[PDB]
2 protein chains.
Amino acid sequence: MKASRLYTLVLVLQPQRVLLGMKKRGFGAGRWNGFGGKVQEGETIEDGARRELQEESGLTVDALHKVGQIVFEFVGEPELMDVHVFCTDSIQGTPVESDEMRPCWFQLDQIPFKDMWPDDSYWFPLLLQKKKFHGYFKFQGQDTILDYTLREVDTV
Amino acid sequence: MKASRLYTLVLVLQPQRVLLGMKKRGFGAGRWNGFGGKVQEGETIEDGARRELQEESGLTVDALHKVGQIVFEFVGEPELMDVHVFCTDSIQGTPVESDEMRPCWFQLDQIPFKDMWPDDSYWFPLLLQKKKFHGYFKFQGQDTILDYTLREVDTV
Ligand SMILES: Nc1nc2c([nH]c(=O)n2[C@H]2C[C@H](O)[C@@H](COP(=O)(O)O)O2)c(=O)[nH]1
Ligand SMILES: Nc1nc2c([nH]c(=O)n2[C@H]2C[C@H](O)[C@@H](COP(=O)(O)O)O2)c(=O)[nH]1
Ligand SMILES: [Mn+2]
Ligand SMILES: [Mn+2]
Ligand SMILES: [Mn+2]
Ligand SMILES: [Mn+2]
Ligand SMILES: [Mn+2]
Ligand SMILES: [Mn+2]
């Protein structure tokens with residue numbers, strides 16, 4: 001029994017492209033990723049995801065849709081990361097570079113898997129198929145998966 | 001905010017009655033409650049719910065569904081309890097007293113609220129109406145609620 005900390009992850013997925021951000025600092029720096037961060041006290045998970053999307057990308061959205069949940073365990077870290085994954089296709093401003101992230105659009109035949117977290121290669125295809133998923137990944141460091149589970153679900 | 005630990009709570013709800021257990025030893029001793037406990041590593045939440053029901057009541061479950069999620073914060077404790085609440089749909093066997101619980105059936109107009117956790121007075125009416133819910137309760141000790149939120153949701 002480990003304790004878990006709540007995080008969000010937001011993918012702006014349109015019919016032919018996806019918006020990712022190059023992490024400029026901190027956890028997972030140097031990798032393309034969705035936008036997100038810790039959930040704060042008092043806000044719902046979905047509202048935390050909307051807040052992190054605005055802080056990191058400048059984008060505001062009226063609604064998000066939860067598509068997945070991924071639990072991350074790191075060797076030597078007692079706390080799990082419980083990451084709630086959201087999507088939207090509907091935005092209405094322009095992405096802005098922040099201190100944390102440089103946003104960039106990618107065509108859906110040019111997903112930069114080699115420059116993303118290794119677990120993304122497993123669950124991102126499900127997200128692109130509009131399937132919902134639950135995942136778990138145990139990492140040694142930032143590069144090496146020691147154990148993982150991935151399952152499609154009808155409800156997250 | 002605080003990290004959380006993962007728990008289940010299972011209610012055997014039939015059209016005419018509900019099964020509760022009197023806690024005999026540890027946390028929440030002296031109060032009627034559903035059956036449940038900590039979710040174990042690598043175990044799905046729903047599998048943890050089925051396991052705890054069998055251990056504490058002797059009943060085996062052929063079908064159950066998630067009806068709610070309640071987060072508990074106890075003043076002075078470092079972490080939250082994240083409690084996933086389930087109702088059974090099909091059971092077999094007879095309830096049996098265990099070292100931790102004494103099971104007893106209650107008519108649905110005789111819910112023993114005064115001998116249950118104080119938060120049950122808020123969310124249990126939603127469970128009885130077959131409404132899905134999200135709750136949060138901040139406790140000072142075991143008797144006093146300082147703050148809470150409770151909402152009906154379409155999906156848990
Ligand atoms: N795609 C992907 N995102 C991750 C992984 N691990 C992980 O913390 N994240 C996300 C969750 C959060 O949005 C973010 C970490 O939060 P910060 O932005 O506060 O560092 O990184 C991962 O393995 N893959
Ligand atoms: N109805 C109700 N159940 C609770 C509350 N707090 C709380 O831990 N529980 C349940 C969750 C767990 O299933 C159980 C405690 O698990 P243990 O058997 O590990 O002590 O008690 C509460 O405030 N109300
Ligand atoms: Mn943040
Ligand atoms: Mn952030
Ligand atoms: Mn971030
Ligand atoms: Mn138990
Ligand atoms: Mn237990
Ligand atoms: Mn128990």
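Rules of the game
Residues numbered from 1 in each chain as written, not as in the entry; some residues may be left out. Chains lettered and ligands numbered in written order. Heavy atoms only, no water. Helix = DSSP H or I, 4+ residues; strand = E, 2+ residues; numbered from the N terminus. Rg over C-alpha atoms; globule rule 2.2 N^0.38 Å. Contact = heavy atoms within 4.5 Å. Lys, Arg positive; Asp, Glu negative; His and termini not counted. Charge placed at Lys NZ, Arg CZ, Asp CG, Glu CD. Near = heavy atom within 4 Å. Polar contact = N/O pair within 3.5 Å; in protein donor to acceptor, adjacent residues only side chain to side chain. Nonpolar A, V, L, I, M, F, W, Y, C, P; charged D, E, K, R; others polar. Buried < 20%, exposed > 50% of the residue type's maximum accessible area, 1.4 Å probe, protein only. Arc of directions from axis to C-beta. UniProt positions renumbered as here; feature names shortened; annotations may be inferred.

The deposited coordinates, according to the entry record, derive from X-ray crystallography at 1.57 Å resolution.

A few points about the overall build of chain A
Along the backbone of chain A there are two helices and eight strands. In terms of overall size, chain A behaves like a compact globule, its C-alpha atoms giving a radius of gyration of 15 Å where 156 residues would be expected to give roughly 15 Å. Considered along the principal axes of its C-alpha atoms, chain A spans approximately 40 × 40 × 35 Å. Nonlocal contacts in chain A, meaning residues at least 24 apart in sequence, comprise 64% of its contacts between residues at least 6 apart. Within chain A, one finds 18 positive and 24 negative side-chain charges whose respective centroids are separated by 2 Å.

Details of the site of ligand 1
All names here are of chain A. Contacts to ligand 1 come from 15 residues, most closely from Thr-8, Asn-33, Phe-72, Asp-119 and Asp-120. Separating an oxygen atom of ligand 1 from a backbone N or O atom of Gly-36 is a distance of 3.1 Å. Measuring from a nitrogen atom of ligand 1, one finds a side-chain N or O atom of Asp-120 at 2.8 Å. Of all the elements in the fold, those that place two or more residues in the shell around ligand 1 are β1 (4–13) and α2 (120–128). At three residues, β1 tops the list of elements feeding residues into the shell around ligand 1. For the shell around ligand 1, the class distribution of residues is seven nonpolar, four polar and four charged.

Regarding the site of ligand 2
Residues and elements named next belong to chain B. In the vicinity of ligand 2 lie 15 residues, with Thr-8, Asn-33, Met-81, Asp-119 and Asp-120 positioned nearest. Residue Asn-33 places a side-chain N or O atom 2.8 Å away from a nitrogen atom belonging to ligand 2. Within the side chain of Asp-119, an N or O atom sits 2.6 Å from an oxygen atom of ligand 2. Secondary structure elements with two or more residues in the shell around ligand 2: β1 (4–14) and α2 (120–128).

With respect to α2(B)
Residues and elements named next belong to chain B. For α2, the set of buried residues is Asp-120, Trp-123, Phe-124, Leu-126 and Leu-127. Buried residues in α2, looked at end-on, bunch into an arc of 155°, giving them a common side. At the exit of α2 stands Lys-130, carrying a positive phi of roughly 60°.

Some words on unusual backbone geometry
Positive phi, normally seen in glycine, also occurs at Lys130(A), with a value near 65°. Structurally, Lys130(A) is set in the loop between α2 and β7 (132–140).

Re the UniProt feature "binding site: Mg(2+) 2" in chain A
Residues and elements named next belong to chain A. The UniProt feature table records "binding site: Mg(2+) 2" at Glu-52 and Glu-55. Along the polypeptide, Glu-52 turns up in helix α1 (residues 45–57). Those residues in contact with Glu-52 that sit more than four places away from it in its chain are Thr-8, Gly-36, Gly-37 and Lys-38. Relative to the elements of secondary structure, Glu-55 occurs in helix α1. Judged by its relative accessible area of 37%, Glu-55 is partly exposed.

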